[PDB]
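Protein chains in written order, with PDB author numbering: chain Y, 1 to 513; chain G, 2 to 86; chain V, 258 to 428; chain R, 87 to 171; chain A, 105 to 153; chain L, 105 to 155; chain C, 2 to 174; chain X, 0 to 459; chain D, 0 to 106. Even for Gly, the Cβ is constructed at its ideal location relative to N, Cα and C. One structure below.
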Amino acid sequence: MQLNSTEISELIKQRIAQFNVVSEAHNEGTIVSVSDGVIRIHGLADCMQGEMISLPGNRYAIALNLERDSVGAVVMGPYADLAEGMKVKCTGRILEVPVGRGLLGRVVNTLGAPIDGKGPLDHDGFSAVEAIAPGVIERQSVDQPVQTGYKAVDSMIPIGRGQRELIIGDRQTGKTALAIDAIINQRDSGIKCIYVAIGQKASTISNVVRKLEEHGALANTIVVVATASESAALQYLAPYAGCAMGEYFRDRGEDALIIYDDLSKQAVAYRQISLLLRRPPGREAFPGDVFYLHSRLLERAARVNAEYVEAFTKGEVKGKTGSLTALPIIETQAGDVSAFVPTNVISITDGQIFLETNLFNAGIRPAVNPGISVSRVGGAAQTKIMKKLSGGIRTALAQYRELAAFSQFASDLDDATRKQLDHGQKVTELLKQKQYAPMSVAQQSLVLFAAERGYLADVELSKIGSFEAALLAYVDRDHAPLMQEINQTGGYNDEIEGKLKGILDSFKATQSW
Amino acid sequence: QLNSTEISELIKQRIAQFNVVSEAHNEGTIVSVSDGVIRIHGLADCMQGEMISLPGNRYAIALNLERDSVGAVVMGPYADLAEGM
Amino acid sequence: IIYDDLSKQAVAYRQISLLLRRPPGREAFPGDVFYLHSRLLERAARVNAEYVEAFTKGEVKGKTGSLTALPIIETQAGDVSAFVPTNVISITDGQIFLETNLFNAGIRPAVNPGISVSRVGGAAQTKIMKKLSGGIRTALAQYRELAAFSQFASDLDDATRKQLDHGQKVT
Amino acid sequence: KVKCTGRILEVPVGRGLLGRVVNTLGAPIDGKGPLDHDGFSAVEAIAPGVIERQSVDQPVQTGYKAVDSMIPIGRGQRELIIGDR
Amino acid sequence: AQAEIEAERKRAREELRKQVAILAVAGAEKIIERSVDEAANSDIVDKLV
Amino acid sequence: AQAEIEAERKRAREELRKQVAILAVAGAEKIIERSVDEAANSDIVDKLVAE
Amino acid sequence: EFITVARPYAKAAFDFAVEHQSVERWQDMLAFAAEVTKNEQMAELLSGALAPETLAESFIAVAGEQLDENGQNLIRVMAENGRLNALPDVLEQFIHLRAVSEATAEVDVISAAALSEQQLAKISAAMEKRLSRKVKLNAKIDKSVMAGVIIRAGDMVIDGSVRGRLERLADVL
Amino acid sequence: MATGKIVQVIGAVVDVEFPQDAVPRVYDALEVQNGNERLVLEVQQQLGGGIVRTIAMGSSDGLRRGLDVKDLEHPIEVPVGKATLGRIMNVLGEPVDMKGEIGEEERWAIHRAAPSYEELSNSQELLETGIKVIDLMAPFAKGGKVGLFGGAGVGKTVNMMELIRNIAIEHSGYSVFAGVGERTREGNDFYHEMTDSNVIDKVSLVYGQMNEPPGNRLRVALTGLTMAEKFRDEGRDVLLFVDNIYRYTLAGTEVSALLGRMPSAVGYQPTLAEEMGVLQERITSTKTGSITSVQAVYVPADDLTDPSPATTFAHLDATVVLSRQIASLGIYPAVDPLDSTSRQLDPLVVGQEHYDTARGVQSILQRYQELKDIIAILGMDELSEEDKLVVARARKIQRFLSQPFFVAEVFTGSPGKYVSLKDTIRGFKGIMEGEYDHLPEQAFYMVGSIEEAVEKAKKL
Amino acid sequence: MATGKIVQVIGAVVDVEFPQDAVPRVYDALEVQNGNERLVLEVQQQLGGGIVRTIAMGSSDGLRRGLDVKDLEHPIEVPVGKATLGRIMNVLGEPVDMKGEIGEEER
Ligand SMILES: Nc1ncnc2c1ncn2[C@@H]1O[C@H](COP(=O)(O)OP(=O)(O)OP(=O)(O)O)[C@@H](O)[C@H]1O
Ligand SMILES: Nc1ncnc2c1ncn2[C@@H]1O[C@H](COP(=O)(O)OP(=O)(O)O)[C@@H](O)[C@H]1O
Ligand SMILES: [Mg+2]
Ligand SMILES: [Mg+2]
């Protein structure tokens, strides 16, 4: 399909024919200094703070300091080949990014340029990266479920559309796995997905993209990439580009979910860019406004009322309420939640899914820690059946954990607690599942029903993964008409209670694990 | 390379005649105001610890007699003050 | 060669570097404090016979030269995480840690084994000492493992009581 | 006025230094008269390179049961002695 | 497929050596807007291949 | 597999096009350098001074 | 580089020169001082740790063609602050300040060859409409342009060179 | 022709002034005559007009203001290829082994961009080290990274020597060793161990010694990376040994403090994580070849929490944890089997047999660590008869995963042994299942394959 | 009549230069046309030579150097009294509520 070199010739001829011969005035400055990624520019009297300055080589710098006689800008890309005396041009643009459905399902960097190798984007218009969040009166309460597909999170820690949930934990405890499984689970909801990776090594992004397209979720998500080796300016500004790309959907009355991978690395990149500009430091050398770094980001994750979207879209949409859901990830060191950036982001978000390392190493995966993890939006964002089934699980598990801590010193122990310390040990063995296996509300619901109404009390040998798999296969064969009702309505009734009793009774009596 | 509180019109006054000490050593002019600390130009007669009288009825305490300016602190509300007083 | 208080050469160099208005690092020490001690301590070396024979232009043959360095460092309340202790602990081939809790209890010289390392090991021992030292290392290691139970002794089994009271006799 | 010698700090060296008390410039301070040195050597010098070394396989004895048995020192080794005051 | 595309590219390269003869004076006569001097290909032999 | 082969076809086509782009524009440069006249430079400048 | 230290002195000198109707004399006085600042021997003296007063007198002496108002005061004030090496910039700022009040612009033009003096007068009259100043063109004969012209009016630039269009086309591809 | 002139010298930091036409760009290499010696400088910053701020690679003594400086218009570039095998070089690619010139044929700049995520090759081919405990408890694939964490004196350097030997005369692939912050004694011992063991002809050695200016120590990692990348482009599966990352971060701290940058959380440089990323992001497998890597990491004062070990953790795929307690009990290699981990240790990539054997070993050792204090208090004759068997099997496992190294012979005299992964799994899987409950414990200490255990017991 | 010029912009900190005699006082409020929206600056320091250092009560992006700044002769002033009951306001006394306008009698 390439022998037709007339195709090459016609491409080149079209590019020549449509070259424009006239020239236009532009404002120009000279590079006076360059070091560690920062350049000083002389000239550009009309440069404006936050503007994009175009360097020779089709790359940009962001004018951060407008000093009295020079402009201090940070290069977005490889700076080492710049040299004093080169000339730069001022674009009339405050930092932009492309937005729209057209980049939905494509891999791009912080500037919206496609690193995917599949041609140019088809955006509609551009959005300012550093925007402002909706006001107090333009917002709405969050009472719509978003399902992460994980029994532990969807039952104990419900997430709502417009909520901000912190995924916090030590290194290598399944944070990225939980995040991209929450993405994959949105294959077929109305929620669009966005994954921003900050400081990730390129092999992790390659694996993430392969898994996203393998499980069929790539067509429904935007991937924004600032790898571990790219200039700190690109890593510091990546989550704002991702937030603008998701806020495009928010403002049109649709639902988006955005995952910031290692905000605790955006803070490090901002610390670097700040110290290289000689700005005064604060508690751990992080600049003074590091709180105002994450705050003005996570306050853009909001659910917005119908009047706001109606007025923004100039009346083209009437009944919809838009929303953007944020799942920032934070890495702690030896689980000291009380560190500086973790205790800031915990003061910003509306909950945290604390992932405990000693549960993760013990094979409990996902290693969510009950008690210390909460959702302050809570049951308002939980479908009715899940809310009914899950009410006890969290406190039952926390008290099971403390009782099983006591147990090690107390052999020959009361036969009443002997049963609590076994039901807890079965529920904690039930709420752990394979990695890329998201589970619908019905499959979680009837499993939690089996566990809560005592049907597990005779499987007290821990052959209980096979029990779950066989129960799901059985229900998927016979009673698919009930799973459809549960998945469509999420409702719960005494009639559905009886139907589930019937399913469990018929399963116990007639099948094997 | 930084400035040291020498400014255009004070340089112009020195340009008019270098020996401005032909003027009174008894007085000067406020040059900057920040968080209650004040910088004054002139006051060749000032001595450390001296009470300097400001417009209104306020005093400042001369803490520093530097090469060309006096650094003092304001004993009262300072936001009412301005350059050139 | 013994250098007594390299941690005072470091202070004199900090003074010189702070009076020259050089950029201060951690604890106001200059950036090149490591490059101060390393190019000192790396001068302690064993040298092969050909270097000696070439340097002296004959007049010596077969012999190998040597220079052994024993730098001394003072720590403030036993903290090793300081700047100069970190550099010198990173440079040298091993450490002899002298601790005050052992010195007070009468263990003198108060060398703390296990926490103290020599990376030359037996290569720098007579074969009799190399033979005999391994059982001392293992005895003190088992003693350090059991020492938590010392103030609960007379509760213990006799088979571990023997190890516990053997480590005390080695100490 | 200051004149720049092209020289670098050198220090006396030799066998006559053996048994003397000397300050960092090589001058005797014990009062037992001048040095019987063997020329001078540069204070700042370059250590022997990689290929000029040899493996440390000779003991230097401390006479302490605690050190020679469990923290051996060899001729050519560098051993830090670290502790509190 | 690799062996297909290899020889496909190798066939293309020889024809683009003809097409460059047009495209170079095309880029010239787009720029000045002056009709280019044709027969100025006295130089073009080194640019041809 | 066919998608990956298509990606490599894209790569090879773009590379060939970029090589011909470099050489074509260099030839245009040398043409414009050799073939020029004052009656053309004055026309270019008279188009510039128009705005 | 000391643009920032020269701004106050240039502004004071200019704002004084218009109180005494002698901008034109001040400009050449500062030009003389800016030249004396460059000599290899004087540049050795200015680096040494002389007292500001005697170092100022050692600078007045080599320039007697100066007003009482200008040299014997400005040079002394700059010496007290140790700013004399800034003189080459105090000149340029001064010139610039003048061109601002006199509503003038030193437009620069660059070309492969001389312009016809009809082209150049049209350029003058057209820039005076683009801007709001009396322009003062000065041309440069740079061969790399090959054809067309570059018009630089400070930080604004209009590029009509065939090389600029060529290397823009090279990036259209 | 030389066009630059020195205008300052402050320690290792040199300022050079050039014509404003010809200012060298960042990371360019300048050259000057420090007397009769030739000294190269690396441009760190283009501060001010015409001036350039640089770090001297050699020592800065003897420099004087006004010397002429000649700017090489390319970064520091080193020889690469076959010609560098068996040689020792400094950061500038000059031979420091007195065997004459390198015989170079091509030179590569040490600064280059990392492979893009599209060029990476997803791979899961496990390496087979000769070491039982590392093969079992912490497998790692081609292109992966392994960190040997531990204190001082635990065996990181000799473990890397053993790996170099085993992957140079069992699998015959090339290897590169970048001794950043090397100790000259240890570097000479390494050279003589590799020359005595015949493997020297398949290892390329770069040394930046501790008595050299900070940036000279800093750029050595990139020099070794560039040699490994040249071997990768030839299609090889190279293996890169970094002798200590902690001293690379210390060299970065020093050079950042010399340039007067504002320091960071613990006095570390601000660019810490970007230097670590620019180092570790070039070490990857690609569609043509691969660079695998193992890195020694010294943990200062025994905490995994300070910026250096904390920032290197983000890049490793496997972590081996060495302990001086286990080493003092006379077991080598002193790997802690419970705390060492790998991302590739799951049934899907190692197979269910390997995964089950590893998890069973860890479970047995954990149960023994539990029983140890009941044994301490109540004596052993009180344990239940299945616990008296867990004890013996854990005690035999704890012996069997020690091993004699070929390079440790000079410490012990006994010969080394290379153990295939099949024999390792067979041995541990046999021990846990009781096939060897009749052998003494000392039949497993410092043996190779289980056949040596049975033969030693037969001899014992 | 505006009289000042923006001379620096560094983050949320803005320096503006006034005639030597018209320098604002310490807590006075200035304002600027940041594109279409007006922006209020609260003075924080008086530096030498008529320069005044202020902090922006709003987004700092989009500000050029040399923009004209207008000196309000009073600090930030807000509405007060019964008129403000049941409303929502921001720092500048502007309704961020959308019920229209505050009919205050006094500020
Ligand atoms: N539910 C699960 N079941 C089994 N294995 C899992 C599960 N979740 C994660 N893992 C495994 O744990 C390893 C670490 O996972 P992941 O990278 O998501 O954690 P992380 O905290 O993002 O890592 P880091 O933050 O250190 O880069 C992965 O290799 C993955 O295979
Ligand atoms: N497998 C082993 N056999 C014998 N001795 C060993 C072994 N491993 C380490 N050692 C001893 O440890 C000392 C230093 O080990 P090394 O590898 O330098 O530790 P580090 O990781 O601190 O560099 C050596 O002198 C050697 O005697
Ligand atoms: Mg992760
Ligand atoms: Mg080591």
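Please list, in chain order, the residues of the region 171-199 of chain X that have any C-beta partner in chain R closer than 8 angstroms. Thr183, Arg184, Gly186, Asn187, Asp188, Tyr190, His191
Pull up the DSSP beta-bridge partners for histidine 42 of chain Y, would you. What you label residue 42 of chain Y is simply residue 42 of the first sequence in a count that begins at 1. Note: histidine 42 of chain Y sits in a beta bridge opposite Y:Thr30.
Give the range of the alpha helix (DSSP H) segment to which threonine 176 of chain Y is assigned. Residue numbering aside, residue 176 of chain Y sits at position 176 when the first sequence is read from its first letter. That run of the alpha helix (DSSP H) goes 175-184.
Are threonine 270 of chain X and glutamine 272 of chain Y closer than 8 angstroms when you measure CB to CB? As a working note, residue 270 of chain X is residue 271 in the eighth sequence. As a working note, residue 272 of chain Y is residue 272 in the first sequence. Closer than 8 angstroms, so yes.
Closer than 7 angstroms by C-beta to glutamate 168 of chain C: which residues in its own chain qualify, once you throw out the five before and the five after it? Chain order, please. Position 167 of the seventh sequence, counting from 1, holds the residue named residue 168 of chain C. Cβ within range, chain order: n/a, list empty.
What do you reckon, is the C-beta of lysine 265 of chain Y under 7 angstroms from a heavy atom of ligand 3? Here residue 265 of chain Y refers to the residue found at position 265 of the first sequence. No, ligand 3 has no heavy atom inside 7 angstroms of this Cβ.
State yes or no: is the C-beta of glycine 142 of chain X within less than 8 angstroms of the C-beta of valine 68 of chain X? Stepping through the eighth sequence from its first residue, residue 142 of chain X is reached at position 143. Stepping through the eighth sequence from its first residue, residue 68 of chain X is reached at position 69. Not a contact, by the Cβ cut-off of 8 angstroms.
Quick check: the Cα distance between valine 42 of chain D and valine 22 of chain D, rounded to an integer number of angstroms? On the ninth sequence, residue 42 of chain D is found 43 positions in, with the first residue counted as 1. On the ninth sequence, residue 22 of chain D is found 23 positions in, with the first residue counted as 1. Distance between the alpha carbons of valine 42 of chain D and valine 22 of chain D: 11 angstroms.
Chain-ordered neighbours of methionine 97 of chain D on chain Y, where CB pairs are closer than 9 angstroms: The residue given as residue 97 of chain D occupies position 98 in the ninth sequence. Neighbourhood of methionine 97 of chain D in chain Y, by CB distance below 9 angstroms: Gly135, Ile137, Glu138, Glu307, in chain order.
Thinking C-beta only, is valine 179 of chain X closer than 8 angstroms to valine 219 of chain X? For the purposes of this step, residue 219 of chain X is taken as the residue at position 220 of the eighth sequence. For the purposes of this step, residue 179 of chain X is taken as the residue at position 180 of the eighth sequence. Yes, the Cβ-Cβ distance between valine 219 of chain X and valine 179 of chain X is below 8 angstroms.
Please classify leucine 459 of chain X as buried or exposed, where buried requires at least 16 neighbouring CB atoms within 10 angstroms. On the eighth sequence, position 460 is the one that residue 459 of chain X refers to. Classification of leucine 459 of chain X: exposed, given that the 10 Å Cβ count is below 16.
Taking only beta-carbon atoms, is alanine 128 of chain L less than 8 angstroms away from chain A? Counting from one through the sixth sequence, the residue named residue 128 of chain L turns up at place 24. Interface residue, yes.
By the 10 Å Cβ neighbour count, where 16 or more other Cβ atoms means buried, how is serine 401 of chain X classified, buried or exposed? Here residue 401 of chain X refers to the residue found at position 402 when the eighth sequence is read from its first residue. Buried, by the Cβ-count rule.
To which residues does DSSP link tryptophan 107 of chain X through a beta bridge? Working through the eighth sequence from its first residue, we reach residue 107 of chain X at position 108. In DSSP, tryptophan 107 of chain X forms a bridge with X:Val77.
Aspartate 27 of chain X, DSSP secondary structure in three states: By one-based count along the eighth sequence, residue 27 of chain X stands at place 28. The answer is strand: DSSP assigns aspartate 27 of chain X an E or B state.
Is there at least one Cβ from chain L nearer than 8 angstroms to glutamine 42 of chain C's Cβ? For the purposes of this step, residue 42 of chain C is identified with residue 41 of the seventh sequence, where counting begins at 1. Not one chain L Cβ lies under 8 angstroms of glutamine 42 of chain C.
Do three or more CB pairs link the region 277-291 of chain X to the region 302-317 of chain V at distances below 8 angstroms? Short answer: they don't touch.
Can you check whether the CB of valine 97 of chain Y is closer than 8 angstroms to the CB of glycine 125 of chain Y? Counting from 1 along the first sequence, the entry for residue 125 of chain Y is found at position 125. Counting from 1 along the first sequence, the entry for residue 97 of chain Y is found at position 97. It is not a contact, given that the beta carbons lie outside the stated cut-off.
Residue 156 of chain L, DSSP secondary structure in three states: Outside the displayed span of chain L (105 to 155) sits residue 156 of chain L, for which this structure offers no information.
Here's a check: name, in chain order, each residue in its chain whose Cβ is nearer than 7 angstroms to the Cβ of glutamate 432 of chain X, leaving out the five neighbours to either side. The residue you call residue 432 of chain X lines up with position 433 of the eighth sequence. If we look at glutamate 432 of chain X and ignore the five residues flanking it on each side, it has no Cβ neighbours.
Helix, strand or coil for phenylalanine 443 of chain X per DSSP? Here residue 443 of chain X corresponds to residue number 444 of the eighth sequence, with the count starting at 1. The answer is coil: DSSP assigns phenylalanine 443 of chain X none of H, G, I, E or B.
Around the C-beta of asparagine 35 of chain X, are 16 or more other C-beta atoms found within 10 angstroms, so that it is buried, or is it exposed? For the purposes of this step, residue 35 of chain X is taken as residue 36 along the eighth sequence, with counting starting at 1. By the neighbour-count rule (16 or more Cβ atoms within 10 Å), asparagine 35 of chain X is not buried but exposed.
Assuming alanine 128 of chain A contacts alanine 132 of chain L under a Cβ cut-off of 8 angstroms, what Cβ separation, rounded to an integer in Å, is found between them? Taking the fifth sequence and counting its residues from 1, the one referred to as residue 128 of chain A is at position 24. Taking the sixth sequence and counting its residues from 1, the one referred to as residue 132 of chain L is at position 28. That belief holds up - the Cβ atoms of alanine 128 of chain A and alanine 132 of chain L are roughly 5 angstroms apart, short of 8 angstroms.
In three-state terms, what does DSSP make of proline 98 of chain Y? On the first sequence, position 98 is the one that residue 98 of chain Y refers to. Taken through DSSP and simplified to helix, strand or coil, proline 98 of chain Y comes out as strand.
If the cut-off is 8 angstroms on Cβ atoms, which residues from the region 28-56 of chain G count as contacting chain D, listed in chain order? So the list reads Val32, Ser33, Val34, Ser35, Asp36, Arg40, given in the order they occur along the chain.
Contacting residues, own chain, Cβ-Cβ under 7 angstroms from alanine 154 of chain C (five flanking each side not counted): Translated into the one-based positions of the seventh sequence, residue 154 of chain C becomes position 153. The residues are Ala106, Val108, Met128, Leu132.
So who's on the other strand from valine 129 of chain L, going by DSSP bridges? Working through the sixth sequence from its first residue, we reach residue 129 of chain L at position 25. Beta-bridge pairing links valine 129 of chain L to no other residue.
Just to make sure I have the definition right: I need the residues of chain A whose C-beta is within less than 8 angstroms of the C-beta of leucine 120 of chain L. Which are they? Counting from 1 along the sixth sequence, the entry for residue 120 of chain L is found at position 16. Within chain A, the residues near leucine 120 of chain L are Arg113, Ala116, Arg117, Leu120.
Beta-carbon proximity check, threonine 227 of chain Y vs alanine 202 of chain Y, cutoff 8 angstroms: Taking the first sequence and counting its residues from 1, the one referred to as residue 227 of chain Y is at position 227. Taking the first sequence and counting its residues from 1, the one referred to as residue 202 of chain Y is at position 202. For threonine 227 of chain Y and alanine 202 of chain Y, yes; Cβs fall inside 8 angstroms.
In whole angstroms, what separates the C-alpha of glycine 190 of chain Y from that of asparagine 220 of chain Y? On the first sequence, residue 190 of chain Y is found 190 positions in, with the first residue counted as 1. On the first sequence, residue 220 of chain Y is found 220 positions in, with the first residue counted as 1. Our two residues, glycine 190 of chain Y and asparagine 220 of chain Y, have alpha carbons roughly 10 angstroms apart in a direct line.
Closer than 7 angstroms to a non-hydrogen atom of ligand 3 - does that hold for the CB of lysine 175 of chain Y? Taking the first sequence and counting its residues from 1, one reaches residue 175 of chain Y at position 175. It does: the Cβ of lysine 175 of chain Y is within 7 angstroms (strictly closer) of some heavy atom of ligand 3.
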